[PDB]
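The structure appears right after this line, and notes come after that.
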Amino acid sequence: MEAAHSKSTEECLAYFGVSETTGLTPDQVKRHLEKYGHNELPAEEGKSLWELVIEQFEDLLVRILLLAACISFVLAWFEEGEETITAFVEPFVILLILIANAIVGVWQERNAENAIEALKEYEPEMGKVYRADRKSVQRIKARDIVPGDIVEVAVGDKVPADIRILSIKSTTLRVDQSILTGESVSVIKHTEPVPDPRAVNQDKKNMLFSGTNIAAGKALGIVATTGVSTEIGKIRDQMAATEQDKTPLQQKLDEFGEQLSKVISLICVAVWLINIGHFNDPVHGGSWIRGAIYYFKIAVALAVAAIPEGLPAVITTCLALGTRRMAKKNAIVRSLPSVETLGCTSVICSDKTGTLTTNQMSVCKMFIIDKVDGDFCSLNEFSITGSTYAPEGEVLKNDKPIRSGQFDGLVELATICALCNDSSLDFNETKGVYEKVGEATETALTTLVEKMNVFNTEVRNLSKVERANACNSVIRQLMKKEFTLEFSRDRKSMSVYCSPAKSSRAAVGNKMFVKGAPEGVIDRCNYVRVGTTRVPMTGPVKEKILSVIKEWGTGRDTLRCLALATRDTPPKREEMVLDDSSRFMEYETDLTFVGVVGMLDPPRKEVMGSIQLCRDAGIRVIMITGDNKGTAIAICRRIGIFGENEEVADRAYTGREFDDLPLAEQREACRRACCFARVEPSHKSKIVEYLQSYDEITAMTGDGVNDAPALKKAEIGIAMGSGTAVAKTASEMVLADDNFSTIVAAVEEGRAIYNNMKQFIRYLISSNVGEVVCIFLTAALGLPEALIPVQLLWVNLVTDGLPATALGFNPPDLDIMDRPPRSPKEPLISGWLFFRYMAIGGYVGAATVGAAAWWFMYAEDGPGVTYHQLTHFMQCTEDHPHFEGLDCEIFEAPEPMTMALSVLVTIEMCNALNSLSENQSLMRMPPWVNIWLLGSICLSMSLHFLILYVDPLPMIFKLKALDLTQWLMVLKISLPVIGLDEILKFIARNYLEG
Ligand SMILES: C/C=C(/C)C(=O)O[C@H]1C(C)=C2[C@H]([C@@H]1OC(=O)CCCCCCC)[C@@](C)(OC(C)=O)C[C@H](OC(=O)CCC)[C@@]1(O)[C@H]2OC(=O)[C@@]1(C)O
Ligand SMILES: [K+]
Ligand SMILES: [Mg+2]
């Protein structure tokens, strides 16, 4: 029964055909179970260990690599491991990488945490029902509860289903429902219907929501909805229906892999068509099986050359280290790839209280009526110092300090503040500061009362722990608080009914003290207090009171205002019914205005600057607040979201205004809006959707489980460190200190990170371009393998992987927050840069094949063949008494492969430095600029020598070291690559726009 809050207790009982005394019959439970299912959210999504690894191998590059391993493996068993038992080495290495990458997947997944699963923490194991088969109450499993059940809850109970309250057995029922409504304090429940079928949850005063807690009391209810139909259930389903898109880099890599298969596929065909002459060859006289093995030794080399096998390790280690750095700056990143999206944020939607502001409220201003005499009216306005909750401060009139007691209107103002107040103070000895007990707003009032000391209590001789509530306590001993009419939002006030306590001075009698939003309260005043006198409420006095309130709330003060008032002749006690807040407005009529208080919830100190950084970085900032629209706007002005004199008619909206627009104009509103006041959790999600319709990258804050769907949906959901576990698990990032400026500092890192990622991605991939060239020339010409997969893998995982991660530590651009957000569709390599790596790749694939061949042709220690057809090396076995007077195993020699492997290594070290900066020459941007980069390069070079010199490894790698001179040639060949990009860098700077 979705609409139970709007129905009476009788109607709900009749809807289900259940007695409040008996509960459901066993039959009814049977039938209700079948119709409505069990009371629980669905079991976790479907992914198993066997399934996990299949997903690890859906990847296109991973798929190609796997295949490569197989061909490698055949080559092993069908080539003599008796000539070289270092042949079964190649197929093995490949497989291993694939295992690591799949183990990466399962460790990451098994340690991941689903937000929908965090919801289930709000499901109690048990619940209590009355059912017909037994007279006394039954403790049963909560999942066995069914709609129509007569349920019982009490102090400490987590509420098992969405329940329409029937009967409150205790004198009062208080509920902690902060997780659903973000109401900080426990709230009173009642039993009467709530008229509006479209009432938001905060106004369903007669409902208990599944997952919340009973803070006090005891009550009997009827279950309205269960399982997926509850409020927390609807939230689960929104989340589950939310597909989170791939990060831009993820997309670009899938793009790469897609295209990389296509290219590789093309290259294979290419190979075979300059070697199409193999068809004009005689059927007999050729070892085909050696020719076919040749196109497969080259096939596996190709797959290995093209794939940046070390890239996922480098990407993840840079993000990891960025993350550690972010966490020292209060930004706790939950999703490693989020760092990139974070740097892309173009819109930040942020809650105000506690993140743009301190949520540390104090009363800064107050006024009472000084005099009313015709059209003449005079106020007494005061100011109050001290911004903390401490009793430290003074009251000032026209900047002069005054004694509050001297003003009759103020002793009454204080007593209203002291009594119309469910909050208090307490002094903490551990932290050494005063702290709030209750709402921030009301606690500001009890602080105000302490500063006013309106009876001049011997306060000087008072200790701190008792100083906290000292002045308040002498007011609480003057009137007896009989009962209180709790705040509700239909009337936006609350009141307390007091009788005179024992009085030495016989009072007028009972009083009601009320405080609330000024408009409503003031309208219900027929009198204004002037000192101890009372005068009828007139126009000039009203306008004067309201004009000041507007000033304080709407100007640079940005103060939240409460009107304070008392009812001098309340209804007779016996004529009041306290079980239905519907009547409380009527009880709070015919009041006398006594004063207004203005309190401030100040911006965090850093928030000013951050809003300006966002302006500088072209990031829109959207405030979401509970303030009225006029004060929301003013607060925006105060923190720089709006200029002080900027016209913001079309950039500010209330939930009410926003809903009243047709869908088209809701969307246009989101294009420019920077302030939403008094919204519904509904709206956060809608706002995100709209912003995504402008292809925005939206960060969005939240902290309750009611925020969870918007967090899930935003590109970056941002949770509060002090918020719910559920909100955190739905977020890409948690703010350890709740501070908005932490968002902005994380966006900065995200940009710095990605820029450095750009460089080592560009670098590794450009190397793979190169390798693919070498492998291509090997096959295209018909040379002995210049490079082997065993070697190429080593280069791609290790020797290039260290400068790659070193480029992760490229110092950041100083203007990195003076540029607009990066387009998510920005290609990593395109246009002109494409040409640059097109050229560099063409170089290294020639350098590597060259040195290998230079060992063969134009040789000092090689066959020394000057310009011979050592492209026909394969047919040297039978054709040696035909052509060669020389040997033939010289074509499987290590030294050519290690000439190639050495020029590859040396080249990439140089190209790492060309990669320190995209276009800045090492003229203006030296290589010492990256401290760690120069360091890492020297380490890989060691590792080069290690596979050249340490007794086990050379045979494994088909390598043999080269003496004092053969390196000169390695350097002759490989060193120039610097001069190439240094030129192409010069070009971009001076000729194309940039
Ligand atoms: C890695 C090895 C190379 C050989 C490769 O195939 O990558 C290609 C391809 C996949 C693209 C190209 C490569 O194409 C070429 O290199 C031209 C053909 C040369 C053939 C080689 C032998 C004849 C990238 C590598 O070329 C340059 C010149 O660097 C740049 C870029 O890659 C990126 O932007 C990096 C993405 C993380 C992509 O054009 C990319 O596809 C597009 O979707 C992008 C945007 O991805
Ligand atoms: K999200
Ligand atoms: Mg919230």
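In this chain, numbering begins with 1 at the start of the sequence shown. Counting convention: from 1, in listed order, for ligands and their atoms alike. Heavy-atom basis, side chains included; hydrogens, waters and symmetry copies ignored.
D59 contributes atom CG, which lies 7.0 Å from atom CG of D254 (distance to the nearest 0.5 angstrom). In this structure, CD1 on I298 lies 6.0 Å from OG1 on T778, to the nearest 0.5 angstrom. Note: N810 CG to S917 OG = 8.5 Å, rounded to the nearest 0.5 Å. Distance check: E439 CD to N359 CG gives 9.5 Å after rounding to the nearest 0.5 Å. If you take CG on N628 and OG1 on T625, they are separated by 9.0 Å, rounding to the nearest 0.5 Å. Here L787 contributes atom CG and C774 contributes atom SG; the two are 4.0 Å apart, rounded to the nearest 0.5 Å.
Atoms of ligand 1 found under 4.0 Å from any heavy atom of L253 (numbered from 1 in listed order, with element): 37 (C). Per-residue contacts place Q259 under 4.0 angstrom from the following atoms of ligand 1 (heavy atoms of the residue considered): 10 (C), 41 (O), 43 (O). The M838 neighbourhood of ligand 1 comprises atoms 17 (C), with distances under 4.0 Å to a heavy atom of that residue. Ligand 1 places these atoms under 4.0 Å from at least one heavy atom of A306: 1 (C), 2 (C).
Distance check for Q244 against the K ion (ligand 2): an N/O/S atom falls below 3.4 Å. Among the backbone and side-chain atoms of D351, no N/O/S atom is found under 2.8 Å from the Mg ion (ligand 3). At least one N, O or S atom of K712 sits under 3.4 Å from the K ion (ligand 2).
Summary of contacts: the protein heavy atom closest to atom 42 (C) of ligand 1 is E255 OE1, 4.0 Å. In this structure, atom 16 (O) of ligand 1 lies nearest to the protein heavy atom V769 CG2, 4.0 Å. For atom 23 (C) of ligand 1, the nearest non-hydrogen atom of the protein is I267 CD1, 4.2 Å. Counting only heavy atoms of the protein, atom 35 (C) of ligand 1 lies nearest to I765 CD1, 3.5 Å. Of the protein's heavy atoms, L260 CD1, 3.5 Å lies nearest to atom 5 (C) of ligand 1. Atom 38 (C) of ligand 1 has its closest protein heavy atom at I829 O, 4.5 Å. At the top of the distance list for atom 40 (C) of ligand 1, counting protein heavy atoms only, stands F256 CD1, 3.9 Å.
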### Task
With salt bridge (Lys or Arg N to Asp or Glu O under 4.0 Å) as the test, would you mind laying out the steps for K252 and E340 before giving the verdict?
CA-CA 12 Å; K252 267 167 266 168; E340 176 213 4; 3.7 Å; yes
### Residues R334, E113; criterion salt bridge (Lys or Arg N to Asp or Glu O under 4.0 Å); working and verdict
CA-CA 10 Å; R334 279 186 47 90; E113 307 150 17; 3.3 Å; yes
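Taking the K ion (ligand 2) as the corner point, the angle from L711 atom O to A714 atom O is about 90° (rounded to 10 degrees).
Geometrically, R822 engages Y754 in a cation-pi contact, judged by NZ or CZ lying under 6.0 Å from the ring centre and within 45° of the ring axis.
At a 4.0 Å heavy-atom cut-off, ligand 1 touches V263 through the side chain alone. At a heavy-atom cutoff of 4.0 Å, ligand 1 is contacted by the side chain of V772 but not by its backbone. At a heavy-atom cutoff of 4.0 Å, ligand 1 is contacted by the side chain of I761 but not by its backbone.
Counting only heavy atoms from C-beta outward, the side chains of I348 and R620 never approach each other to under 4.5 Å. Using a 4.5 Å heavy-atom threshold, the side chains of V795 and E771 count as touching. The shortest distance between side-chain heavy atoms of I743 and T355 does not fall below 4.5 Å.
For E732, the N, O or S atom closest to the K ion (ligand 2) goes by the atom name OE1. Atom OD1 is the N, O or S atom of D703 at the shortest distance from the Mg ion (ligand 3). The N, O or S atom of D707 with the smallest distance to the Mg ion (ligand 3) is OD2.
Put simply, atom 11 (C) of ligand 1 has no protein non-hydrogen atoms near it, under 4.0 Å away. The protein reaches atom 30 (C) of ligand 1 closely, with a heavy atom under 4.0 angstrom from it.
In this structure, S766 falls outside the shell of residues with a heavy atom less than 4.0 angstrom from ligand 1. In this structure, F834 counts as a contact residue of ligand 1, since one of its heavy atoms falls inside 4.0 Å of the ligand.
Of the charged side-chain nitrogens involved, none lies within less than 4.0 Å of a carboxylate oxygen, so that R560 and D627 do not count as a salt-bridged pair.
A side chain to side chain contact (heavy atoms under 4.5 Å, CB included) with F760 holds for exactly one of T805, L311, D800; it is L311. Partner of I697 under the side chain to side chain contact (heavy atoms under 4.5 Å, CB included) criterion, chosen from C344, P248, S823: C344.
Every N/O-N/O distance between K252 and ligand 1 stays at or above 3.5 Å.
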